[PDB]
Each structure stands twice: as structure tokens, then as C-alpha cells.
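> This is the structure, below, for whatever I ask next.
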Amino acid sequence: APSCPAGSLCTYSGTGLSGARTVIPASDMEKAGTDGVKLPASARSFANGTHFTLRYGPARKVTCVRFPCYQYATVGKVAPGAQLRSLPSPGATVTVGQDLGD
């Protein structure tokens, strides 16, 4: 659910950048890279303070080697917040290679 505000990748577990609210101004994501895994949304979305290269698809890869699984096979990325590189990012049971500068 696109409930986050806008400015940095503010991830959160409570719709509205609330609950487990965290912030990634294209930087902590450079520690993860492309968040190459399954990026949910129900109580886990964020604000797109960048073009968070969102490479996603239906998540279907739970058999990972030790966590570093892209939980998918790429169905079409939406770089700039899927339209504008500055807004509340969604998902929902979708995997996503979130990249914020990597």
C-alpha cells in the first residue's frame, strides 16, 4: 500500500510510514544494493525519495541458498517509483529488486 510520504526510501510496518518505520535516503540501500528479494507491502511499504530501480514480478523463489534470493524472475522493472522517482511505493506479495544507488 502506497501510504508512505516522500523524500527517501522510508520503509515501515504500519501503512503511512508508521509501525516499524525506517528511512533509506538512497544510502542504506547501497548497503543492501537492489534489495534483491521479495519486497512485500502489507505493513511494509515506503516513500521513494529516488528512482529505487524496482525490478519486480510475482514472488516464487522461497528455496534460497541462504537469504540472498531475488524471490522471483523479473517481470518488468519500474525504476522511478513506477512513474515518478518521489512517492509512496507499493508492492503486495510481489518480489522486488529494490535498488537505491546500490
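For chain A, we keep the numbers from Swiss-Prot: what you see runs 30-131, in order.
Header lists the method as solution NMR.
Even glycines carry a Cβ here, placed using N, Cα and C.
Just lifted these from Swiss-Prot, have a look:
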type	residues	note
DISULFID	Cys33-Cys39	disulfide bond
DISULFID	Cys93-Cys98	disulfide bond
> Express the distance between the Cα positions of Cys93 (disulfide bond) and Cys33 (disulfide bond) as a whole number of Å.
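So the Cα of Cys33 (disulfide bond) lies 29 Å away from that of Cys93 (disulfide bond).
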> Over all shown protein chains, what is the count of other CB atoms within 10 A of the CB belonging to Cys98 (disulfide bond)?
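The answer is 16.
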> For each of the disulfide-bonded residues (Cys33, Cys39), count the other CB atoms lying within 10 A of its CB, then report the residue with the highest count.
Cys33
> Write down the Cα-Cα distance for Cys98 (disulfide bond) and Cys39 (disulfide bond), rounded and given in Å.
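Approximately 22 Å lies between the Cα of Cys39 (disulfide bond) and that of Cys98 (disulfide bond).
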